[PDB]
Amino acid sequence: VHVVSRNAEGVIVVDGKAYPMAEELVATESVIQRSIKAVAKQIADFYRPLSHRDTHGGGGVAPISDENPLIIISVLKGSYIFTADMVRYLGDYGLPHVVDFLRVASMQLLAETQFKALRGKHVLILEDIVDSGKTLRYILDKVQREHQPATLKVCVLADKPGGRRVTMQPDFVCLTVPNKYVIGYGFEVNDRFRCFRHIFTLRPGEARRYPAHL
Amino acid sequence: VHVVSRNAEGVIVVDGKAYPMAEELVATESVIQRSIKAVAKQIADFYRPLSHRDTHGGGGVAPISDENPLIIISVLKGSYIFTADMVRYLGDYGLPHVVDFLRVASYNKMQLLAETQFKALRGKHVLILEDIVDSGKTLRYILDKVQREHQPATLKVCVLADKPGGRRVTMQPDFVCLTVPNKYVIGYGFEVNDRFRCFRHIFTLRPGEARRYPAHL
Ligand SMILES: O=c1[nH]c(=O)c2nc[nH]c2[nH]1
Ligand SMILES: O=c1[nH]c(=O)c2nc[nH]c2[nH]1
């Protein structure tokens, strides 16, 4: 049970910790973790019945297994904490899977996947948030063209449906967030706030608090 | 509490789940998490009182703060789950920090697969987060490179696991969460061709299981 209050300075306090950069609390760790574990069950239930290219035994089609696992591509740097939690829940539900990473920046690709045999494989992208939809459209087109997967789906921790600029509907969504700048649980302002266990909205203008390049 | 036993086939069972690839249990999730948080407290206690280059106020020196955080470089892919947990414990202890990533591989000789994107580490306290120190060659390569290319004020290493018997070059990380036996470990980031990373516990691998997945991913 989380204790949420405001101190005399009007600042949000969660379990004794003050968040002076926060406007509102979106989700506590308990709510976030329950939502991720629920989507993990959905992903495991959806993929465990499926089959795809057998690269372990030289063809043809074979069930998703430890021999031929679901391929997960995690988008760095935003999705690493979400990914770490999600994979452990996928393991709890017994879904065979392997994870590789691509790195994008604001588009530029900074780091490519090292996986080289995704042709005819079921591929799932783990992403932090779908807001405008532009980042995912860039990643999806790149992965489809270079890897030619059997299927390509997207699981996001957060959906901000009010921010869309292009058509993007993830296949799996853990949480819906307000039409505001969110921080915490991987969400950042110049790499700050990613380690928070809860998700908050940012006080307006605080997005410029750390102008110095790291 | 965890229950650890062997079933009628002699297979290790932890909390109702069988681990047929495992030879021995090294650490349960509870022991791992307690050990990471304890080191997080040590890291926070060590860095909290220190100062380094001020890149926020373009000044000289300032305390470690959200304006001038500790710089953490996490070594992919093995350290990503460990890093996710450690940063949350570091936040619990109030240590201001930011995380970037590098990736290295061996051909054994070392090569950089992915570079960090941080470009202002000169005069900064830098902490490397690595999954394991075994031979010491991977960390010798990384420390020599970060020191020469970034000129940090200080450079320290935190490892989830130390395999002391594996050393071929001198390497003692400043912070160690767990000490592992001199064997192939799996679980909590440790893997066989990317399998077993999602396990919440760390185990030793049965000797005949290391070549179970020969196909490149
Ligand atoms: O920190 C962040 N907060 C957001 O709300 C967001 N939307 C897209 N990308 C984002 N990053
Ligand atoms: O999975 C792993 N187990 C080990 O024991 C090890 N040592 C170095 N790198 C390693 N990876």
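Throughout, a chain's letter reflects where its sequence line sits, starting with A, and its residues are numbered from 1. Both counts, for ligands and for their atoms, begin at 1 and track the order of listing. Only this structure's heavy atoms are used, side chains among them; waters, hydrogens and symmetry mates stay out.
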Requested in this report: List the closest protein heavy-atom neighbour of atom 5 (O) of ligand 1: residue, atom name, distance to the nearest 0.1 Å.
Outcome: A/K160 NZ, 2.9 Å

Query raised in the report: Hey, is ligand 2 close enough to B/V185 that some N/O pair sits below 3.5 Å?
Result: yes

**Report entry** Residue, atom name and distance, where the atom is the protein heavy atom closest to atom 7 (N) of ligand 1
**Finding:** A/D131 OD2, 3.0 Å

Query raised in the report: Which residue and non-hydrogen atom of the protein lie closest to atom 11 (N) of ligand 2, and at what distance in Å?
Result: B/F190 CD2, 4.2 Å

Query raised in the report: Would you call A/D85 and B/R88 a salt bridge, taking side-chain N to carboxylate O under 4.0 Å as the test?
Result: yes

Query raised in the report: Can B/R200 be said to sit on top of A/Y89's aromatic six-ring, NZ or CZ under 6.0 Å from centre and within 45° of the ring axis?
Result: yes

Query raised in the report: Against heavy atoms of A/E188, which atoms of ligand 1 measure under 4.0 Å?
Result: 1 (O)

Report task. Flag the pair B/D66 and A/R192 as a salt bridge only when some basic side-chain nitrogen lies within less than 4.0 angstrom of an acidic carboxylate oxygen. Result -> no

Query raised in the report: Taking the six-membered ring for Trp, are A/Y47 and A/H122 parallel (under 30°), tilted (30 to 60°) or perpendicular (over 60°)?
Result: tilted

Query raised in the report: Relative to the heavy atoms of A/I129, which atoms of ligand 1 are at a distance of less than 4.0 Å?
Result: 7 (N), 8 (C), 9 (N)

Query raised in the report: Under 30°, 30 to 60°, or over 60°: which ring-plane class applies to A/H198 and A/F200, parallel, tilted or perpendicular?
Result: perpendicular

Query - side chain to side chain donor-acceptor pair (under 3.5 Å) evaluation trace for B/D100 with B/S74 - result: CA-CA 6 Å; B/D100 200 319; B/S74 164; over 6 Å; no

Report summary line: Note: ligand 2 atoms sitting under 4.0 Å from heavy atoms of B/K183 are 5 (O)

